[PDB]
Every structure is written in C-alpha cells, then in structure tokens.
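To start, the structure under review is shown below, and the notes come after it.
Just so it is clear, the values below take in all heavy atoms, side chains as well, and ignore hydrogens, waters and symmetry mates. Reminder, nothing fancy here: chain letters follow the sequence lines and each chain counts from 1.
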Amino acid sequence: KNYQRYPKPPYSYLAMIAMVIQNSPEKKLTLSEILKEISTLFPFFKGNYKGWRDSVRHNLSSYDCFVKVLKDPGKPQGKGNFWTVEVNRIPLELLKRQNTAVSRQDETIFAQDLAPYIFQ
DNA sequence: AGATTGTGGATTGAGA
DNA sequence: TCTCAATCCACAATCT
Ligand SMILES: [K+]
C-alpha cells in the first residue's frame with residue numbers, strides 16, 4: 001500500500017459532505033449523488049485521483065452527524081439509501097477552512113468557515 | 001455476474 | 001511530539 005496525501009480542497013470531507021446535503025432540495029442525497037455533487041465543488045475532484053470517493057463513503061459511516069435514511073422502509077438491509085446530516089451533531093471546528101498548502105497558495109478563494117452554509 | 005454500498009481495521013503524516 | 005483527518009484496504013452485504 002502506498003499512502004499519499006493529495007492537494008485536496010482545504011475543507012474536511014465532513015464539511016463538504018454536509019454542505020452538499022444541506023444545500024440539496026430535500027436535505028438528503030444518496031451516496032452516488034453526494035459524490036457527483038462534491039465533484040462539482042472543486043476541479044481537484046474531477047482529476048484522475050478517485051480515492052476521495054472512498055474517503056467520502058468512509059466519512060458517511062464514521063461520523064455520527066451523518067444519518068442514513070432508508071430508501072425503502074420495508075427493506076432495512078437495502079442499499080442505495082439517502083443520507084442526511086444532523087447539524088447539532090457536527091463538531092464545529094471541522095467546518096473551518098484548514099491551514100494547508102492549498103489554502104496558503106490562495107486564501108482569498110476559500111471561505112474561512114462553512115458553518116454559514118450548513119446551519120440554518 | 002457485476003458494481004456499489006455500508007462499516008470498520010489500520011497506517012500515515014502535516015498542523016499545531 | 002501528539003492528534004486525528006486523510007487515506008488504503010478487506011469484508012460482506014446488496015445491486016444488477
Ligand atoms: K454515520
């Protein structure tokens with residue numbers, strides 16, 4: 001296994017997932033839809049590194065703020081479910097812009113905090 | 001068959 | 001020097 005860090009946008013995966021969910025019409029998205037919407041946020045995600053898609057999937061399950069909503073309520077073991085975000089479960093500091101080489105390269109193109117786009 | 005989803009074991013390494 | 005978000009991977013389902 002060859003671990004590598006990539007020049008991803010200077011926001012946590014949690015923050016970006018939460019932003020796309022909260023800015024969707026029904027405040028819920030399938031994994032496939034989350035991945036498509038994240039890809040539109042920054043050109044990085046359209047590049048040839050695709051492992052971020054795995055990181056997003058991992059994050060949905062690992063953080064308690066993301067709550068699966070069954071696509072079919074009679075199939076609790078079905079997949080392709082919707083995901084929601086409970087903002088009162090978000091660790092607020094994970095919504096701040098990160099201090100990384102990417103943000104230091106160009107601070108002005110990155111909002112300092114995503115909380116205004118996630119909380120009502 | 002086939003591709004994706006949902007969850008977790010585990011290591012990595014820059015920011016702090 | 002220590003934290004934990006980032007990242008790579010297996011597993012075991014469903015999906016097709
Ligand atoms: K979760």
Side-chain angles (χ1 to χ4, degrees), chain A residues 1-3 5-120:
Chain A
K1 313 167 43 157
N2 175 27
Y3 188 92
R5 296 281 172 78
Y6 301 85
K8 63 168 280 282
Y11 300 104
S12 68
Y13 286 116
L14 182 161
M16 303 188 281
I17 298 162
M19 181 181 84
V20 302
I21 293 173
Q22 286 296 90
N23 286 281
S24 70
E26 316 215 281
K27 296 185 170 63
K28 76 182 190 207
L29 292 173
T30 66
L31 173 62
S32 180
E33 292 163 349
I34 291 167
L35 295 176
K36 171 80 47 43
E37 304 212 359
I38 288 177
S39 86
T40 76
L41 289 177
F42 297 97
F44 167 83
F45 290 127
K46 292 166 73 184
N48 201 42
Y49 171 67
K50 291 307 175 203
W52 65 265
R53 297 168 75 85
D54 193 330
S55 295
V56 163
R57 196 172 88 255
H58 181 94
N59 266 253
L60 283 170
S61 294
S62 71
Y63 288 105
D64 198 51
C65 59
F66 302 119
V67 174
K68 190 166 46 73
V69 180
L70 293 173
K71 167 163 71 163
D72 191 334
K75 299 167 149 133
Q77 276 63 54
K79 292 182 183 274
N81 300 292
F82 298 111
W83 291 92
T84 64
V85 62
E86 306 309 315
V87 302
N88 73 26
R89 300 184 184 187
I90 293 174
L92 191 61
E93 177 278 345
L94 297 183
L95 305 185
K96 191 190 73 233
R97 185 180 67 208
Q98 299 168 323
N99 174 31
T100 70
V102 174
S103 55
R104 291 189 298 273
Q105 282 153 18
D106 193 357
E107 298 281 16
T108 57
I109 70 180
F110 299 117
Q112 195 264 339
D113 207 292
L114 298 190
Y117 314 100
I118 288 162
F119 285 87
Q120 303 301 128

A student applying the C1'-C2'-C3'-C4' rule, positive for north and negative for south, should call the sugar of C:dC4 south
Using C1'-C2'-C3'-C4' (north if positive, south if negative), C:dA13 puckers north
Where DNA chain C forms runs of at least three Watson-Crick or G-U pairs (i with j, i+1 with j-1, under 3.5 Å), the stems are B:3-16 with C:1-14
Ordered by number, residues from residues 96-106 of chain A within less than 4.0 Å of DNA chain B (heavy atoms) are A:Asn99, A:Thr100, A:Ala101, A:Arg104
Here the residues of residues 52-66 of chain A within 4.0 Å heavy-atom distance, strictly under, of DNA chain B are A:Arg57, A:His58, A:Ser61
For a quick check of understanding: with a heavy-atom distance under 4.0 Å over all strands, which category does A:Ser32 fall into, base, sugar-phosphate or nothing? sugar-phosphate
Atom pairs and distances, donor-acceptor, side-chain atoms in residues 68-77 of chain A, under 3.5 Å, two or more places apart:
{"unit_1": "A:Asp72", "atom_1": "OD1", "unit_2": "A:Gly74", "atom_2": "N", "d": "3.2"}

When rounded to whole Å, the NZ to P distance for the pair A:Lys1 and C:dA6 reads 17 Å
note: A:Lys68, atom NZ; B:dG6, atom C1'; distance rounded to Å ~ 7 Å
Side-chain donor/acceptor pairs under 3.5 Å, residues 107-120 of chain A, sequence neighbours excluded:
{"unit_1": "A:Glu107", "atom_1": "OE1", "unit_2": "A:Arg97", "atom_2": "NE", "d": "3.4"}
{"unit_1": "A:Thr108", "atom_1": "OG1", "unit_2": "A:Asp106", "atom_2": "OD1", "d": "3.2"}
{"unit_1": "A:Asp113", "atom_1": "OD1", "unit_2": "A:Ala115", "atom_2": "N", "d": "2.9"}

Check the phosphate of B:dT5 against A:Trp83, side-chain N and O only, distance under 4.0 Å to OP1 or OP2. Yes or no?
no
For nucleotides 14-16 of chain C, tabulate all protein N/O to nucleotide N/O atom pairs closer than 3.5 Å, reporting atom names and distance.
{"unit_1": "C:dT14", "atom_1": "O3'", "unit_2": "A:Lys79", "atom_2": "N", "d": "3.4"}
{"unit_1": "C:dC15", "atom_1": "OP1", "unit_2": "A:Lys79", "atom_2": "N", "d": "2.9"}
{"unit_1": "C:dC15", "atom_1": "OP1", "unit_2": "A:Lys79", "atom_2": "O", "d": "3.4"}

Q) Around atom NZ of A:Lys50, are there more than 12 heavy atoms of other residues, nucleotides or ligands at under 6.0 Å? A) yes
>> For the residue pair A:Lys8 and A:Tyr49, would you count it as a cation-pi contact if the rule is NZ or CZ under 6.0 angstrom from the ring centre and within 45 degrees of the ring axis?
In response: no
Sub-6.0 Å ring centroid separation between A:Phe45 and A:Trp52: yes
